[PDB]
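As a starting point, one isolated chain is supplied in structure tokens, in the form deposited in one PDB entry.
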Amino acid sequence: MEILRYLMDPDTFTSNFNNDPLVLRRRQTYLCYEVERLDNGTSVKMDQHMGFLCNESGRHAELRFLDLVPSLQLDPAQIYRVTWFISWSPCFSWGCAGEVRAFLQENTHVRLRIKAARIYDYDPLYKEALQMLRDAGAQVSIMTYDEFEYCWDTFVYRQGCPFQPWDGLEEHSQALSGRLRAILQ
């Protein structure tokens, strides 16, 4: 879904990206993506390569992004930074980490930056997933206030309304980042 055509409902964003542990949004993932062409030491933003995806009929959003990479028309002679703002860290047991790993092996012109709102520890191999992504070249981190507000401002039908932080955004982000950094050693 291209933000040029459709922006995300605000409550869809809040419901899915809130990082409070006691709220349980296990059913869905929202993956906001953007692309930049790394040109000789500079980032060239590609405004049309921006959108968001959710799981659809059992197909995880991470696989659906890989599905559309061909339509992005990336030049394999160039270099690109793909950034994911994703509500859940990619999974291992349903294939996302392996598929993303394979994509990065055979698409070396792409560098993946994954910023996750929450760790998907419902997957018993969530740690194996994070390590496989790191070992594949992806830089994985936890979203902070800065990332949440950027996604609000970029991907949401907010109508000039500024980002309204949920309670404890900062505390949960710190704890999640400490967990992630420990996992990735």
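Numbers follow the displayed sequence, beginning with 1. Think of the rigid core as the biggest set of C-alphas that the two forms share within 1.5 Å after superposition.
The form deposited in another entry exists for this protein as well; it is not shown, and the discussion that follows is about that form.
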ask   = Which of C91, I79, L72, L104 has its C-alpha displaced by 2 Å or more between this form and the one not shown after core superposition?
value = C91
message = Given a superposition on the rigid core, I'd like a yes or no on whether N40 shifts its C-alpha by 2 Å or more between this form and the one not shown.
response = yes
key: Note on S93-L63 C-alpha separation in that other deposited form, which departs from the shown form by 3 angstroms or more   = closer
